[PDB]
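In: What shape does this take:
(one chain, ligands or ions: 3)
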Amino acid sequence: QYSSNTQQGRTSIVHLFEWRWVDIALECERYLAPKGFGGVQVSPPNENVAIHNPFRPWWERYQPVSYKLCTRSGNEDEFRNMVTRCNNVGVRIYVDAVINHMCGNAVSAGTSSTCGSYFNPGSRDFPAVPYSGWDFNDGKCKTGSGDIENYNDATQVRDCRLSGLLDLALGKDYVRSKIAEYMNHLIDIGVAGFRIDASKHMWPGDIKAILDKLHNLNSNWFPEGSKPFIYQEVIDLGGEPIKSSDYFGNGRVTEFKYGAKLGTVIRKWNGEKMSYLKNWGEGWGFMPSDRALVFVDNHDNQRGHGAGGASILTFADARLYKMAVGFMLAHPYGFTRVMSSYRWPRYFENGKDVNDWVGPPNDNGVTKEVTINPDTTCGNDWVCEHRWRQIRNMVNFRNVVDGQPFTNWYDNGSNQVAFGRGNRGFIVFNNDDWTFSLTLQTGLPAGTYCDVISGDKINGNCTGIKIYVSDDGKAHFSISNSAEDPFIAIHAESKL
Ligand SMILES: C[C@H]1O[C@H](O[C@H]2[C@H](O)[C@@H](O)[C@@H](O[C@@H]3C(CO)=C[C@H](N[C@H]4[C@H](O)[C@@H](O)[C@@H](O[C@H]5[C@H](O)[C@@H](O)[C@@H](O)O[C@@H]5CO)O[C@@H]4C)[C@H](O)[C@H]3O)O[C@@H]2CO)[C@H](O)[C@@H](O)[C@@H]1N
Ligand SMILES: [Ca+2]
Ligand SMILES: [Cl-]
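Out: Numbers count the residues shown, from 1 in each chain. Ligands and ions are numbered 1, 2, ... in the order given. Dropping the coordinates below:
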């Protein structure tokens, strides 16, 4: 469950948050494959509650009504077509699996769901599964409200209702079997693994019992005996009884300390600075590298949900965000996930965004297609971070340096730092208020290299900055603090 199952030499996944299946399939073919992306995390593919107040929020997708593959992203046929077309070009698909709970206990009964299935939360009736009152934890929870009241009590965190969401009885074999049926349907289609949503709210032993029922990956694309890649969402920032390490038996775990601390460093908040990143990783108290799923922001914390945190960097602070993402992709710690977002009407009212619920770009609830502008950016209000040159070219940097040791570290005692990955790549950052200009040891063979942050290599020339590495591996770097991108990266495949 720890191996990504990506094609050899592809090292990252991109979260195409709320994108339609037909758009993802085209994106695999035209962009992700030739650019070396390993895989795509998709939003929940299972039928959910259509919530009309507020209007079609992104979060309605975390309120399941059935395991039918019918959502605003498209139907079962479109889902199958996407997975096929992606695997056929060597790009994997990872599913966001919502298995802790069904919908909110106070949603009205009826057929207001993305596939028209009837459901009755009040009587616990979900006949398209089917589930009944017998399949929920109402009798097991011991709080007055039936909802989670206290994160200091590990038992109620697992047995009671997260924010009123109907809590599935994952202790019983019937429920475990219905969930396993859904996941096996996905695996046979050609899915390479799963983000397990709300993992903190399930017993690690109940997750195990469901994963024991899973098939091996589809033998047309994957070697015999391949297991789905599993990464679990657990928010463990310290100081509560549940620990991310309680989940290592099942797969990888999301390391939320990563993006909170890196955002603080890059913003230079709290007395922190880039020279302290010399021991980034386990030195900062993070979980082991071989268990971590890392990221700068995710779909929750980029809009103040989940753990939130003011330090989080997102597309909305583009200049610092590209640097943070650039550091993450150059550094060997963890398995990396890049976010891909949409814009929404951000409106603050006593220091909270009251529009944090807004769903993807839409026409009366119908998801807008991803259009591609002539300069290769996206229209219709999709951000497409994954197509920003500085991010895409760092996704390739990580592939080119895969397996190479962290070496040749330099720092000025403040916010000018540089490091190498073996003899395959070198990266230089200026986050200080003055120019960085210095001759440094790169570890690279002699030659002319294109800086892949400012430009691209094409036809034996560069479109941006060029760096000249001499016979002893040294090169001069000059980065103004006023630079729009104040970092430089070169690697073995950017050499002329
Ligand atoms: C009925 C309910 O509907 C709406 O709730 C929505 C939320 O606002 C959305 O954020 C979204 O939640 C998703 C989800 C549930 O499917 C789980 C994910 N993330 C969770 C995390 O798993 C939880 O543990 C919890 O995090 C807490 C930490 O564990 C604590 O340590 C501490 O830091 O507090 C945090 C915050 O409580 O909540 C996280 C968000 C998943 O990725 C989420 O996207 O969807 C739900 C369901 O629609 C309404 O917003 C709400 O008011 C209604 N009561
Ligand atoms: Ca639970
Ligand atoms: Cl996540």
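
In: Which strand residues bridge the residue most central in space within the chain?
Out: Central residue of the chain (C-alpha atoms, centre = their mean): residue 337, 4.3 Å from the mean position. Counting by DSSP bridges, residue 337 is bridged to residue 13.

In: Please apply the same query to residue 466.
Out: Under the criterion used (DSSP bridges), residue 466 bridges to residue 450.

In: sorry, back to before: just checking, the residue nearest to the centre of the chain touches residue 11?
Out: No. Counting by C-beta atoms under 8 Å, residue 337 stays clear of residue 11, with 11.0 Å between them. For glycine as for every other residue, the C-beta is placed from the backbone atoms N, C-alpha and C.

In: For the residue of the stretch 51-200 of the chain found nearest ligand 3, list the residues it contacts.
Out: The minimum distance from the stretch 51-200 of the chain to ligand 3, using C-beta to the ion, falls at residue 195 (6.0 Å). Contact analysis of residue 195 by C-beta atoms under 8 Å, 6 or more residues apart in numbering lists 41, 94, 95, 96, 97, 231, 232, 233.

In: Which of these fall in strands?
Out: Among these, the members falling in strands are 41, 94, 95, 96, 97, 231, 232 (criterion: DSSP state E).

In: who's the fifth one bridged to?
Out: It stands for residue 97. Here residue 97, judged by DSSP bridges, has bridge partners residue 196.

In: surely it meets residue 196?
Out: Yes. Here residue 97 reaches residue 196: they are 5.5 Å apart, a contact under C-beta under 8 Å.

In: How about the residues of the stretch 101-250 of the chain by ligand 3?
Out: Counting by C-beta under 5 Å from the ion, the stretch 101-250 of the chain comes close to ligand 3 at residue 233.

In: ranges for the helices of the stretch 101-250 of the chain?
Out: Secondary structure of the stretch 101-250 of the chain (DSSP state H, counting those that start in this stretch): helices located at 154-159, 173-189, 204-211.

In: Kindly present the ones you listed as JSON lines, with separate columns for distance to ligand 2 and mean neighbour count.
Out: JSON lines is the format used below for these (distance: least, C-beta to the ion, whole Å; neighbours: other C-beta atoms under 10 Å):
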{"stretch": "helix 154-159", "distance to ligand 2": "5", "mean neighbour count": "19"}
{"stretch": "helix 173-189", "distance to ligand 2": "11", "mean neighbour count": "18"}
{"stretch": "helix 204-211", "distance to ligand 2": "8", "mean neighbour count": "18"}
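
In: possible to save those helices as a markdown table with distance to residue 299?
Out: Below are these laid out as a markdown table (distance: least, C-beta to C-beta, whole Å):
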| stretch | distance to residue 299 |
| --- | --- |
| helix 154-159 | 22 |
| helix 173-189 | 20 |
| helix 204-211 | 21 |
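
In: so which of those comes closest to residue 483?
Out: Evaluated with C-beta to C-beta, the helices of the stretch 101-250 of the chain place helix 173-189 nearest to residue 483, the distance being 44.6 Å.

In: And the closest one, what does it pack against?
Out: In terms of contacts (3 or more C-beta pairs under 8 Å, 6 or more residues apart in numbering; DSSP states H and E), helix 173-189 is packed against helix 76-88, helix 204-211.
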